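All of the numbers you see were taken from the coordinates with simple rules; none came from a lab. Note that we place each Cβ from the backbone using ideal geometry, even for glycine, and neighbour counts take in every protein chain shown.
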């Protein structure tokens with residue numbers, strides 16, 4: 001199980017989702033501004049996308 005997509009740093013949301021969904025078709029994908037404070041719960045279904053003000057992936061997307 002691949003759980004990180006470092007290769008998507010700097011990509012637009014639309015482009016990113018396309019790759020993630022190929023790897024994890026039933027992923028729950030949430031978009032948040034980078035810097036948003038999140039909790040430590042581990043959600044195996046989830047992949048959070050932290051984006052910058054240009055709407056590009058700012059941090060390595062990972063399952064959690």
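Can you tell me which residue within the range 35-57, out of those that are over 10 Å from the mean Cα position of the chain (by Cα) and in contact (Cβ under 8 Å) with a residue 40 or more places away in the chain, is surrounded by the fewest Cβ atoms within 10 Å (Cβ to Cβ)? Full working, then the answer.
Of the residues in the range 35-57, the ones over 10 Å from the mean Cα position of the chain (by Cα) are 35-45, 52-56.
Keeping just the survivors that are in contact (Cβ under 8 Å) with a residue 40 or more places away in the chain gives 55-56.
On the way: 55: 13, 56: 17.
Checking each candidate, the answer is 55.
Going through (1) free of Cβ contacts under 8 Å to residues at least 60 places away in the same chain; (2) surrounded by 16 or more Cβ atoms within 10 Å (Cβ to Cβ) one by one, residue 63 falls short only on (1).
Those residues that are part of a loop (DSSP other than H, G, I, E, B), closer than 15 Å to residue 63 by Cβ and touching a strand residue (DSSP E or B) at 6+ places or on another chain (Cβ under 8 Å), I need them from the range 35-52; list them, please.
The first filter runs over the range 35-52 and keeps only residues part of a loop (DSSP other than H, G, I, E, B), leaving 35-45, 52.
The next check asks that each one be closer than 15 Å to residue 63 by Cβ; those that pass are 38, 40-45.
Residues satisfying the conditions are 38, 43, 44, 45.
Residues of the range 1-34 that are surrounded by 12 or more Cβ atoms within 10 Å (Cβ to Cβ) and part of a loop (DSSP other than H, G, I, E, B): 3, 5, 9, 10, 11, 24, 27, 34. Figure legend. Inter-residue proximity from the range 1-24: first residues at positive phi and touching a residue at least 40 places away in the same chain (Cβ under 8 Å), second residues surrounded by 14 or more Cβ atoms within 10 Å (Cβ to Cβ) and in a strand (DSSP E or B), beta-carbon distance below 7 Å, spacing 6+ or different chains. Indicated pairs: 10/56; 10/57.
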